[PDB]
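Chemist: I am attaching a structure below and will ask some questions about it afterwards.
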Amino acid sequence: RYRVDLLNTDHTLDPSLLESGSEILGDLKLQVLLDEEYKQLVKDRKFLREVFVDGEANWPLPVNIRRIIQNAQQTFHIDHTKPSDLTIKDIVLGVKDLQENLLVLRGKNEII
Amino acid sequence: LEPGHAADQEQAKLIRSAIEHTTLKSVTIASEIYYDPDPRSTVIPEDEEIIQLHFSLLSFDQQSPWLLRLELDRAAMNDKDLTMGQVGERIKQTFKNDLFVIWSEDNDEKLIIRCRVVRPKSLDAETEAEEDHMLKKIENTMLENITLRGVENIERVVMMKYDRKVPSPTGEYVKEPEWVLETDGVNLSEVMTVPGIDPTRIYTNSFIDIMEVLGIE
Amino acid sequence: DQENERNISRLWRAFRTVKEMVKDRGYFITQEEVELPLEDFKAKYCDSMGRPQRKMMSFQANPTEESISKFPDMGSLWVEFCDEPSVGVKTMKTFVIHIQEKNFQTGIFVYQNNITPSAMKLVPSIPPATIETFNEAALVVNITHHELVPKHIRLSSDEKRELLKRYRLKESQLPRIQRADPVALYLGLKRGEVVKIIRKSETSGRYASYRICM
Amino acid sequence: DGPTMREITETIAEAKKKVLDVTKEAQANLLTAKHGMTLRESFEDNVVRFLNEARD
Amino acid sequence: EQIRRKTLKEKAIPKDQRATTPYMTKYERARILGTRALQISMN
Amino acid sequence: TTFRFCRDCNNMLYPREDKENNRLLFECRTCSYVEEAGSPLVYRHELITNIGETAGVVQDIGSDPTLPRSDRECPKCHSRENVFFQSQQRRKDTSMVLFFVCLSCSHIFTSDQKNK
Ligand SMILES: [Zn+2]
Ligand SMILES: [Zn+2]
């Protein structure tokens, strides 16, 4: 579900999923971004298994991501056949800056 | 239980024996006081074979003629992991050498333990008048103030098989069963220190004892 | 010797808990001596005929360089294990003057059963020397390893000042931890010291509270 | 309807038969006690369990 | 305390270092609407 | 334990140690009455008890209309009709074993199979 490898075939990405899907095989810096994202996901998995020892997946959290995904799919009419305009670096950087935009405390010191 | 010994039923039985407070009141059928004039042969015909090994093993010239016999229950030797030797040595070390104790073997048809109070060499013209009452007082503190095994404030321990979720080596979460000891009564400081358990996972219904033992957080 | 093995296991677990305590306080205790096994424990700290001795069990520890950088006000620590069950006035006096002559600011006395009140009254000694008495039965199991006990980290003076400044707090407005709490005794907290408590949160994953020692 | 009421009556009757069998075992002292509870408490637990599962 | 004392001008946090949320709260919105409507109802 | 009373003042007797014979003799504390003990047992205390379970059996126990009747076989006189009741001791841990009283010969017989 998560590992994307641009240098192998066991976890390769299908070129039909995105416009720049053929020329990204064998890339290095994009593979660096994927390795960083997958390492962060593995660390998240380990942290979640540390926090929830019983491995319960359903927990109360603020923003329903699934509803927003479905609203975007139905608003822009995702046909799930046309290749996507998204580049992978744009996806990774967008998720990262979204994480930096989730502000609960607005202080400008190390403790806050 | 210890995480490497979680599914061991007999090890959980050993822990249950190690933590449950068992006294002589839970094991003894009856307590009787007899008069045996000499500490060589008994006057009771049923324990003639019991005395004639232990008396021949051995002192007796300074022993009181009063005898304290306790008859125990066979089923109490079965539900509780107890034998005659453990009870005998516990009673011996509680009363030191002031009370000479012998016991029947575990294969005997009657579970009889016999006790005699050793007399001093000084002349006592009035102690023998109340010697029966003194032996009754010894028998009173014998029944409930002697703990055969386990830690205090533990009424009884029952044994459940709960179903915890453990990460499988393939990555999934599997419903691995575990033998867990539920307890009535709280002695959390003492129960945590016994071996064979996991002291990092012990939980108590009384959160007051958690704060006193583990901490405010 | 059945009881002696049980006491030897208790003493070995207490020694491991003491080593973990000293390592968590910031002093230099290496990892291989923390998990010293029972067979190597009996090979060193037990005599020929079997009784474990406690005089050579007593040891000395020094703070790490990181702990000097964070706390540049403490030096060595002395941990003593007692032999007699009831500690008299004379043994306590020899312990505190041995601390005095070797210039120890902290001394951990691990007694067996009890401290006599005639020796307990002089446990407060000349500043900055501090004496902490621990019972061996309370140290068989390390409480910090329990799943309910979260991570307690003692804050420095500058960290405490920054914490009070950024939240605009006074000392009394912080959550409190008493100076008899088992984790407070484990960390050796003095009055007015703040611990950052990092715990698991089911709503935000990680949560950092703070508690001042009263 | 009638077949369902007959089946319900049969269920209640077979639960009463099980309760009677447990009662005969207890009155013959052939019923073992569950751990942590007496003979009468175990008998009452078995009877209540049988009647509750009958009602269900 | 440590950063502010009594009722000096240090009570007023300057605009460049305001750490509160830039969003109007529901209580702030309710009281602003109430105060403005009360003023408008009094000409 | 068979408590024994003095034959003169009707007060209970107590065991005495004597060094003349070293025997068990019961002594009256009131009028100095001496008699010879028929048993060495001077004190008995049962923690589990088997007496009192058949308490209340009288010559007209079958006249009680509330007592249930059974059809069990009396193993003394072979009579089907009899009354029965549970153990009359009110301990919490007592068993539910039935005691049957035959109404023809007043014989007590239990339903206990562990004993039999
Ligand atoms: Zn008389
Ligand atoms: Zn009959």
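Residue numbers start at 1 in each chain; chains themselves are named A, B, ... in the order of the structure tokens; ligands are numbered from 1 in the order shown.
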Taking 5 positions as the minimum chain separation for residues in the same chain, which residues sit within 9 Å of residue 57 (chain C) when counting only C-alpha atoms? Answer as a ChimeraX atom specification.
Modeler: /C:15,45,52,79-82
Chemist: Find the residues around region 152-157 of chain B up to 8 Å (only C-alpha atoms counted), leave out those fewer than 4 positions away in its own chain, and share them as an MDAnalysis selection string.
Modeler: (chainID B and resid 16 19:21 181:187) or (chainID D and resid 36)
Chemist: Go ahead and save the picked residues with C-alpha atoms, as an mmCIF file, in the first residue's frame.
Modeler:
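Below is the file that was written, out.cif:
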data_model
loop_
_atom_site.group_PDB
_atom_site.id
_atom_site.type_symbol
_atom_site.label_atom_id
_atom_site.label_comp_id
_atom_site.auth_asym_id
_atom_site.auth_seq_id
_atom_site.Cartn_x
_atom_site.Cartn_y
_atom_site.Cartn_z
ATOM 1 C CA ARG B 16 -1.210 -18.875 42.050
ATOM 2 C CA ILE B 19 0.728 -15.483 45.795
ATOM 3 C CA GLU B 20 -2.474 -16.827 47.399
ATOM 4 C CA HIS B 21 -2.605 -16.417 51.181
ATOM 5 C CA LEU B 181 -4.311 -14.369 37.494
ATOM 6 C CA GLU B 182 -7.234 -12.384 38.878
ATOM 7 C CA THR B 183 -7.024 -11.692 42.591
ATOM 8 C CA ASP B 184 -9.290 -10.611 45.448
ATOM 9 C CA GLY B 185 -7.566 -8.227 47.837
ATOM 10 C CA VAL B 186 -4.689 -5.860 47.148
ATOM 11 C CA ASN B 187 -1.055 -6.283 48.206
ATOM 12 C CA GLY D 36 -13.464 -19.180 43.561
#
Chemist: Tell me as a list in words which residues belonging to chain A come within 8 Å of chain E, counting only C-alpha atoms.
Modeler: residues 105, 106, 107 and 108 of chain A
Chemist: Can you check which residues of chain B DSSP gives as alpha helix (DSSP H) on the backbone and send them as a VMD selection string?
Modeler: chain B and resid 9 to 19 48 to 57 76 to 79 84 to 95 131 to 144 188 to 191 207 to 213
Chemist: Using only C-alpha atoms, which chain F residues lie at most 12 Å away from chain D, written as an NGL selection string?
Modeler: :F and (84-87 or 90-100 or 110-116)
Chemist: Export C-alpha atoms of the chosen residues as a PDB file, in the first residue's frame?
Modeler:
ATOM      1  CA  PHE F  84     -36.666 -35.182  52.521  1.00  0.00           C
ATOM      2  CA  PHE F  85     -34.864 -31.932  53.256  1.00  0.00           C
ATOM      3  CA  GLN F  86     -31.516 -30.282  52.640  1.00  0.00           C
ATOM      4  CA  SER F  87     -28.687 -29.914  55.142  1.00  0.00           C
ATOM      5  CA  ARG F  90     -26.755 -22.678  57.348  1.00  0.00           C
ATOM      6  CA  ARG F  91     -23.122 -22.390  56.278  1.00  0.00           C
ATOM      7  CA  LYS F  92     -22.568 -20.713  52.924  1.00  0.00           C
ATOM      8  CA  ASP F  93     -20.226 -23.483  51.734  1.00  0.00           C
ATOM      9  CA  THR F  94     -22.449 -26.443  52.632  1.00  0.00           C
ATOM     10  CA  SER F  95     -23.486 -28.940  49.979  1.00  0.00           C
ATOM     11  CA  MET F  96     -26.957 -29.430  48.502  1.00  0.00           C
ATOM     12  CA  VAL F  97     -27.155 -33.107  49.456  1.00  0.00           C
ATOM     13  CA  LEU F  98     -30.605 -34.371  50.427  1.00  0.00           C
ATOM     14  CA  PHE F  99     -31.401 -36.209  53.647  1.00  0.00           C
ATOM     15  CA  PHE F 100     -34.384 -38.564  53.491  1.00  0.00           C
ATOM     16  CA  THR F 110     -28.597 -39.487  52.447  1.00  0.00           C
ATOM     17  CA  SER F 111     -28.392 -39.042  48.685  1.00  0.00           C
ATOM     18  CA  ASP F 112     -24.607 -38.581  48.882  1.00  0.00           C
ATOM     19  CA  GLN F 113     -22.774 -40.726  46.337  1.00  0.00           C
ATOM     20  CA  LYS F 114     -19.267 -39.485  47.185  1.00  0.00           C
ATOM     21  CA  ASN F 115     -19.702 -40.909  50.687  1.00  0.00           C
ATOM     22  CA  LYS F 116     -21.274 -44.064  49.235  1.00  0.00           C
TER      23      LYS F 116
END
Chemist: Up to 7 Å from chain C, what residues of chain E turn up? Count only C-alpha atoms and give them as a PyMOL selection string.
Modeler: chain E and resi 1-3
Chemist: Residue 78 (chain F): which residues within 10 Å, counting only C-alpha atoms, same-chain residues fewer than 4 positions away excluded, as a count of residues only?
Modeler: 6
Chemist: Return as JSON, numbers by chain the residues of protein, DNA or RNA that approach ligand 1 to within 9 Å, with only C-alpha atoms and all ligand atoms taken into account.
Modeler: {"F": [5, 6, 7, 8, 9, 10, 11, 12, 13, 27, 28, 29, 30, 31, 32, 33, 34]}
Chemist: Please run DSSP on the backbone and report, as an NGL selection string, all residues within region 2-212 of chain B that come out as strand (DSSP E).
Modeler: :B and (22-23 or 28-35 or 66-72 or 99-103 or 112-117 or 147-149 or 156-167 or 173-184)
Chemist: Just want the 8 Å neighbourhood of residue 40 (chain B), counted on only C-alpha atoms, with same-chain residues fewer than 3 positions away dropped. Output as a PyMOL selection string.
Modeler: chain B and resi 51-52+55+60
Chemist: Quick one: residues within 12 Å of residue 44 (chain F), only C-alpha atoms, excluding same-chain residues fewer than 2 positions away - as a PyMOL selection string?
Modeler: (chain B and resi 29-34+67-71+136+139) or (chain F and resi 1-3+40-42+46-47+49)
Chemist: Just how far from CA of residue 175 (chain C) is CA of residue 105 (chain C), in Å to one decimal?
Modeler: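 Separation of CA of residue 105 (chain C) and CA of residue 175 (chain C): 28.0 Å.
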Chemist: What is the distance between CA of residue 38 (chain A) and CA of residue 64 (chain A), in Å to one decimal?
Modeler: 22.7 Å
Chemist: For residue 35 (chain C), list every protein, DNA or RNA residue within 12 Å, evaluated using only C-alpha atoms, and leave out those in the same chain fewer than 2 positions away; present the list as a list in words.
Modeler: residues 12, 13, 14, 15, 16, 17, 18, 19, 20, 29, 30, 31, 32, 33, 37, 38, 39, 40 and 41 of chain C
Chemist: Dump N, CA and C atoms for the selected residues as an mmCIF file, in the first residue's frame?
Modeler:
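selection_35.cif was written with the following content:
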data_model
loop_
_atom_site.group_PDB
_atom_site.id
_atom_site.type_symbol
_atom_site.label_atom_id
_atom_site.label_comp_id
_atom_site.auth_asym_id
_atom_site.auth_seq_id
_atom_site.Cartn_x
_atom_site.Cartn_y
_atom_site.Cartn_z
ATOM 1 N N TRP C 12 19.957 -9.307 43.672
ATOM 2 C CA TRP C 12 20.413 -9.066 42.308
ATOM 3 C C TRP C 12 19.457 -8.147 41.555
ATOM 4 N N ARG C 13 18.148 -8.358 41.718
ATOM 5 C CA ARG C 13 17.174 -7.469 41.089
ATOM 6 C C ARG C 13 17.239 -6.066 41.679
ATOM 7 N N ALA C 14 17.467 -5.962 42.991
ATOM 8 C CA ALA C 14 17.625 -4.656 43.621
ATOM 9 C C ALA C 14 18.876 -3.947 43.120
ATOM 10 N N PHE C 15 19.960 -4.695 42.907
ATOM 11 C CA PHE C 15 21.179 -4.112 42.356
ATOM 12 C C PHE C 15 20.965 -3.622 40.931
ATOM 13 N N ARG C 16 20.235 -4.394 40.121
ATOM 14 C CA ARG C 16 19.921 -3.950 38.766
ATOM 15 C C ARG C 16 19.055 -2.695 38.783
ATOM 16 N N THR C 17 18.072 -2.645 39.685
ATOM 17 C CA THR C 17 17.223 -1.464 39.805
ATOM 18 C C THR C 17 18.018 -0.253 40.282
ATOM 19 N N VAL C 18 18.975 -0.461 41.190
ATOM 20 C CA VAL C 18 19.834 0.629 41.647
ATOM 21 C C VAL C 18 20.700 1.143 40.502
ATOM 22 N N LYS C 19 21.251 0.230 39.696
ATOM 23 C CA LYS C 19 22.051 0.639 38.545
ATOM 24 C C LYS C 19 21.219 1.413 37.531
ATOM 25 N N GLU C 20 19.991 0.955 37.277
ATOM 26 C CA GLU C 20 19.096 1.673 36.373
ATOM 27 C C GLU C 20 18.709 3.033 36.941
ATOM 28 N N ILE C 29 26.745 4.983 34.174
ATOM 29 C CA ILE C 29 26.689 3.550 34.423
ATOM 30 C C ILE C 29 26.539 2.879 33.069
ATOM 31 N N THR C 30 27.491 2.018 32.723
ATOM 32 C CA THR C 30 27.482 1.407 31.407
ATOM 33 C C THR C 30 26.373 0.361 31.314
ATOM 34 N N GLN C 31 26.056 -0.026 30.080
ATOM 35 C CA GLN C 31 24.913 -0.901 29.858
ATOM 36 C C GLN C 31 25.198 -2.338 30.275
ATOM 37 N N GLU C 32 26.434 -2.811 30.095
ATOM 38 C CA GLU C 32 26.722 -4.218 30.361
ATOM 39 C C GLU C 32 26.662 -4.548 31.848
ATOM 40 N N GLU C 33 26.888 -3.566 32.721
ATOM 41 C CA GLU C 33 26.744 -3.817 34.149
ATOM 42 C C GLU C 33 25.303 -3.678 34.623
ATOM 43 N N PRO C 37 24.222 -10.738 34.660
ATOM 44 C CA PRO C 37 23.372 -11.891 34.973
ATOM 45 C C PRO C 37 23.592 -12.380 36.396
ATOM 46 N N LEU C 38 22.700 -13.279 36.817
ATOM 47 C CA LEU C 38 22.713 -13.762 38.195
ATOM 48 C C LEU C 38 23.933 -14.634 38.471
ATOM 49 N N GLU C 39 24.383 -15.401 37.474
ATOM 50 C CA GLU C 39 25.555 -16.250 37.672
ATOM 51 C C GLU C 39 26.829 -15.422 37.813
ATOM 52 N N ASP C 40 26.943 -14.325 37.060
ATOM 53 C CA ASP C 40 28.065 -13.416 37.265
ATOM 54 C C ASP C 40 27.875 -12.584 38.523
ATOM 55 N N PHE C 41 26.623 -12.376 38.935
ATOM 56 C CA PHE C 41 26.354 -11.718 40.209
ATOM 57 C C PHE C 41 26.841 -12.556 41.382
#
Chemist: In Å to one decimal, how far is CA of residue 154 (chain C) from CA of residue 24 (chain C)?
Modeler: 9.8 Å
Chemist: For chain B, which residues have at least one atom within 8 Å of chain A, if we go by only C-alpha atoms? Write them as a PyMOL selection string, please.
Modeler: chain B and resi 164-167+173
Chemist: So that I can check the surroundings of residue 152 (chain C), please list as a PyMOL selection string every protein, DNA and RNA residue that reaches within 7 Å of it, counting only C-alpha atoms and ignoring chain neighbours fewer than 4 positions away.
Modeler: chain C and resi 195-198
Chemist: With only C-alpha atoms as the atoms that count, which of B:109, B:126, B:49, B:10 lies nearest to chain F?
Modeler: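 Nearest candidate to chain F out of B:109, B:126, B:49, B:10: B:126.
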Chemist: Using only C-alpha atoms, which chain B residues lie at most 10 Å away from chain C, written as a count of residues only?
Modeler: 20
